[PDB]
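Heads up, the thing below is written out as structure tokens.
Residue numbers (the deposited numbering), protein chains in the order written: chain A, 63 to 124; chain B, 8 to 248; chain C, 8 to 248; chain D, 8 to 248.
Structure follows, in structure tokens:
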């Protein structure tokens, strides 16, 4: 997944989508965007990766 | 030499400012900063003679973006679900409009031993139920000195609300220092204190970032501030050029 | 036997709550309920030491549905036509946002003989013209005791506004009981009363139904209430388990 | 002298970067640039081990302005009229969302003789009808060397779509150089190549101008680029300080 793909999207609701295009520009390059916020609440705070028990753990790559 | 009058006058002008603020004729000021997860900061300020304070509701402290969308219907429901568990029909677990932290700052003209705070729950009860609530706590011992160049420019109480259950209403109050035996609320002056309650000037604004707050609110007005990095701001004036 | 310490401690814990609220260190509280024709109810609450009150405008008491439509342009015009007959261009005869009734409740820690109300007209004049207005009426004699299990848990004044002409502004005030000869506003403590004005916590919310109000506001907080059916709510604590 | 270790280490650090990218452990990268008549540029990038590629539909290559209007209903119809002549009910002759040109760039770690492109029609057929389509063309001979300071920093294939009939789908593929006799897809390593297909990182963004692209995408990331003026960008690292 891309940076953008991992950002919170609320299906059928408002998303600040124009402002969040700008958030992206300001994340790709410092001061590259014209976002009206310091920190986008759509950014993930944490990630968890889970594999089924049928994986071989020594093959996992990230 | 002692013939540098420009130098002596500069030192006096700064010392006079320091002392005037600290006189009974001077201001006492309080600021409440509410920090949001989007990095924006709400400031409420009040400036009065004699004594000063601020009192806000749970709802009032929630982030409001002027001229923008706010999930206002959903955030009515968020309120219902905060006032009573499972009382609302919000489409979210945690409202990002809730403050993550609060900082209270007083001008250096406050007497710290007079500071009082009522930090209530979301329905404005200081201590669980009204029947067992003392209506305030005296929190002066927790205030840190904001210093610049050796001079106390302010007092700060900072506290986080990092848990889901930290849903608060908030009032704070402080009295102007008075090392005299003259009671500013005695019969001779008490009507002037009543008038000062009308005369107090209030200010409220939301800044997009703590950087804007520092650059365009704190600094231009020679206000004290303590930032998230524990850095002090303000201007030392006592016997200084 | 007298060796049931769980029993004695339970009785003491409840009696202590009752008495603490009634001490000079305790809360006094007021609630204003405005009842609308759609069955919704607005509550305003204030909780303070020493004395407490609420003051609202005509406009402030009108039903507002947060996050919804409100005929807000038409309701500006409704206001103009209420301030002066034929002053507005409203597209309705009667605004359903006007309260149909008001109930004022005080905590049992109020002294009832201190209660004062200023029920003004829609332009905030207590008695027709300012020049002949006493600025309040002492209405304590009209307050009914809200009782539970023999104990006064509250005081209620209920009045309807069933006529087209009942278009009101409203303020109410009460003082915490004080059977002592210590005047909480004497010179020794008067600055603390000034601070209590800053420290007072306010709460405001609109509930869809009196059932929600009872279930999710009154009951969870051990508040007193008297419903439209004349039924009392609250919790008796004096010498009770 | 040969005792300038800062100098020798700087040269080694740059040479190591150059060589690591070119090793079997290193990246191979492709970029597709689509140029629009409003001067905006869409970039798609993919970065993987072993081999890498990009495949997009006709629709996917059309300009999309995030958070803005796009004539999206009319542009559904534009699609219908491009898939089959007179198949749609578009209110325009030529959609300005169609790319005017394409540039394909590969990192210098590609083997140019492995590059393959399938440039299809708008319904994703490489050569008029499926029955007579070879599914790709080997286009490496057409790639120009992007050079900086004597060093090949990239490879560019640039082509215009200046005619109304240039309505395309597009896929491109290249394999990481491997001058060894070790086949990275042999049985010993083939599962790692399968994993590399999952591990590949993709990036997509639309820049308002080629100036923004150069300033804030190409340059900060030390990527190669060839601009509309035939100017080269990138960073030479082989045996250089």
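Backbone N, C-alpha and C define an ideal beta-carbon position, used for all residues, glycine too.
Considering only the alpha carbon of each residue, which of B:168, B:143, B:30, B:179 lies closest to residue 38 of chain B? For the purposes of this step, residue 38 of chain B is taken as the residue at position 31 of the second chain. Among B:168, B:143, B:30, B:179, the Cα nearest to that of residue 38 of chain B is on B:179.
Go ahead and label residue 205 of chain C buried or exposed: buried means 16 or more other beta carbons lie within 10 angstroms of its beta carbon, across all protein chains shown. Locating residue 205 of chain C in the third chain gives position 198, counting from the first residue. By the 10 Å Cβ count, residue 205 of chain C comes out buried.
Please specify which runs of the beta strand (DSSP E), each continuous and at least 3 residues long, are wholly inside the stretch 188-248 of chain C, giving them in chain order. 208-214
To the nearest angstrom, how far is the alpha carbon of residue 77 of chain A from that of residue 108 of chain B? By 1-based counting over the first chain, the position of residue 77 of chain A is 15. By 1-based counting over the second chain, the position of residue 108 of chain B is 101. If you take the alpha carbons of residue 77 of chain A and residue 108 of chain B, they lie about 25 Å apart.
Who are the near neighbours of residue 251 of chain D in its chain, counting only those whose CB is closer than 6 Å to its CB and skipping five residues on each side? Here chain D covers residues 8 to 248 and nothing more, so residue 251 of chain D does not appear.
Those residues which DSSP pairs with residue 143 of chain C across a bridge: Position 136 of the third chain, counting from 1, holds the residue named residue 143 of chain C. According to DSSP, residue 143 of chain C bridges with nothing at all.
Option in B:91, B:35, B:104, B:33 with minimal Cα separation from residue 67 of chain B: Here residue 67 of chain B is taken as the residue at index 60 of the second chain, counted from 1. Of all alpha-carbon atoms in B:91, B:35, B:104, B:33, the one lying nearest the alpha-carbon of residue 67 of chain B is that of B:104.
Could you tell me whether the Cβ of residue 185 of chain C comes closer than 8 Å to any Cβ of chain B? As a position in the third chain, residue 185 of chain C is number 178, starting the count at 1. Not an interface residue.
Would the stretch 86-96 of chain A and the stretch 236-247 of chain D be scored as touching if the rule is three or more Cβ pairs under 8 Å? no
Taking C-alpha atoms, which residue in C:189, C:49, C:198, C:210 lies nearest to residue 110 of chain C? Reading the third chain from its first residue, position 103 is the one you call residue 110 of chain C. Residue C:49 is the option with its Cα nearest to residue 110 of chain C.
For the stretch 80-99 of chain A, enumerate the residues whose C-beta is nearer than 8 Å to any C-beta of chain B, in chain order. Within the stretch 80-99 of chain A, the qualifying residues are 98, 99.
Within 8 Å of any Cβ in chain B, is that where the Cβ of residue 197 of chain C sits? Position 190 of the third chain, counted from the first residue, corresponds to residue 197 of chain C. Closer than 8 Å: yes.
Please say whether residue 70 of chain C and residue 4 of chain C have beta carbons closer to each other than 8 Å? This structure cannot speak to residue 4 of chain C, because chain C is shown only from 8 to 248.
If you measure from the beta carbon of residue 105 of chain A to each beta carbon in chain D, is any gap under 8 Å? Taking the first residue of the first chain as 1, we reach residue 105 of chain A at position 43. No, its Cβ sits nowhere closer than 8 Å to a Cβ of chain D.
Quick test of the definition: if touching needs 3 or more C-beta pairs under 8 Å, does the stretch 117-135 of chain B touch the stretch 172-191 of chain B? yes
Considering residue 178 of chain D, what are the terminal residues of the beta strand (DSSP E) in which it resides? Taking the fourth chain and counting its residues from 1, the one referred to as residue 178 of chain D is at position 171. Element bounds for residue 178 of chain D: 176-183.
Let me check understanding here. Comparing Cα to Cα, which of A:87, A:100, A:106, A:96 lies closest to residue 220 of chain D? Here residue 220 of chain D corresponds to residue number 213 of the fourth chain, with the count starting at 1. That would be A:87, whose Cα lies nearest to the Cα of residue 220 of chain D.
Figure out for me which residue from C:24, C:15, C:14 has the closest Cα to the Cα of residue 139 of chain B. As a first step, residue 139 of chain B is located in the second chain; it is residue number 132 there, counting from the start. If we check each option's Cα against that of residue 139 of chain B, C:24 comes out closest.
So, for residue 62 of chain C: in the same chain, excluding its five sequence neighbours on each side, which residues have a beta-carbon less than 7 Å away from its beta-carbon? Along the third chain, read from residue 1 onward, the residue named residue 62 of chain C stands at position 55. Result list for residue 62 of chain C: 178, in chain order.
Can you give me the Cβ contacts of residue 126 of chain B inside the same chain, cut-off strictly under 6 Å, excluding the 5 residues immediately before and after it? Position 119 of the second chain holds residue 126 of chain B. Around residue 126 of chain B: 175, 177.
Between which two residues does the alpha helix (DSSP H) carrying residue 93 of chain D extend? Translated into positions along the fourth chain, residue 93 of chain D becomes position 86. No alpha helix (DSSP H) holds residue 93 of chain D; DSSP gives it neither H nor E.
From C:247, C:212, C:131, C:168, pick the residue whose C-alpha is nearest to that of residue 101 of chain C; which is it? Walking along the third chain from the start, residue 101 of chain C turns up at place 94. Closest by alpha carbon: C:168.
In chain A, which residues lie less than 7 Å from residue 168 of chain D when you measure between Cβ atoms? To locate residue 168 of chain D, count along the fourth chain from 1; it is residue 161. Chain A residues near residue 168 of chain D: none, gap ~26 Å exceeds 7 Å.
Element boundaries [alpha helix (DSSP H), containing residue 113 of chain A]: Within the first chain, residue 113 of chain A is the residue found at index 51, counting from 1. That residue, residue 113 of chain A, is in no alpha helix (DSSP H); it is neither H nor E in DSSP.
According to a CB-to-CB cut-off of less than 9 Å, which residues of the stretch 200-214 of chain C neighbour chain B? Contacts with chain B (Cβ-Cβ distance below 9 Å) from the stretch 200-214 of chain C involve 200, 201, 202, 203, 204, 205, 206, 207, 208, 209, 210, 211, 212, 213, 214, listed in chain order.
Exposed or buried, what is residue 13 of chain B when buried is set at 16 or more other beta-carbons lying within 10 Å of its beta-carbon? The residue given as residue 13 of chain B occupies position 6 in the second chain. Flag for residue 13 of chain B reads exposed.
Which residues in chain A sit within 9 Å of residue 76 of chain B, going by Cβ to Cβ distance? Taking the first residue of the second chain as position 1, residue 76 of chain B is located at position 69. Ordered by position in chain A, the residues that pass the 9 Å Cβ test against residue 76 of chain B are 76, 78.
Among residues of its own chain, excluding the 5 on either side of residue 149 of chain C, which ones have a beta-carbon nearer than 8 Å to its beta-carbon? Residue 149 of chain C sits at position 142 when you count from the first residue of the third chain. Here the set comprises 164.
Residues of chain C with a CB under 7 Å from the CB of residue 146 of chain B: which are they? Position 139 of the second chain, counting from 1, holds the residue named residue 146 of chain B. Under the 7 Å cutoff, chain C gives no residues; its nearest Cβ is about 12 Å from residue 146 of chain B.
What alpha helix (DSSP H) runs, 4 residues minimum, are completely inside the stretch 18-74 of chain C? 65-68
By how many angstroms is the C-alpha of residue 187 of chain C removed from the C-alpha of residue 246 of chain B? Numbered from its first residue, the second chain carries residue 246 of chain B at position 239. Numbered from its first residue, the third chain carries residue 187 of chain C at position 180. Take the alpha-carbon of residue 246 of chain B and the one of residue 187 of chain C: they are about 50 Å apart.
Could you check what DSSP says for residue 102 of chain D in three-state terms: helix, strand or coil? Residue 102 of chain D sits at position 95 when you count from the first residue of the fourth chain. Residue 102 of chain D: coil per DSSP, three-state reduction.
What does a CB cutoff of less than 6 Å around residue 217 of chain D pick up in its chain, not counting 5 residues either side in sequence? As a first step, residue 217 of chain D must be located in the fourth chain, where it is residue number 210. Excluding residues within five positions, the ones whose Cβ falls inside 6 Å are 48.
If we cut at 8 Å on Cβ distances, does residue 14 of chain A have a partner in chain D? Nothing about residue 14 of chain A can be read from this structure; chain A reaches only from 63 to 124.
Going by beta carbon distance, what residues of the same chain come within less than 8 Å of residue 46 of chain D, once the five residues before and after it are set aside? The residue labelled residue 46 of chain D in the question sits at position 39 within the fourth chain. Result list for residue 46 of chain D: 215, 216, 217, in chain order.
In angstroms with no decimal places, state the Cα-to-Cα distance between residue 152 of chain D and residue 244 of chain D. Position 145 of the fourth chain, counted from the start, is the residue given in the question as residue 152 of chain D. Position 237 of the fourth chain, counted from the start, is the residue given in the question as residue 244 of chain D. A direct Cα-to-Cα measurement between residue 152 of chain D and residue 244 of chain D gives close to 16 Å.
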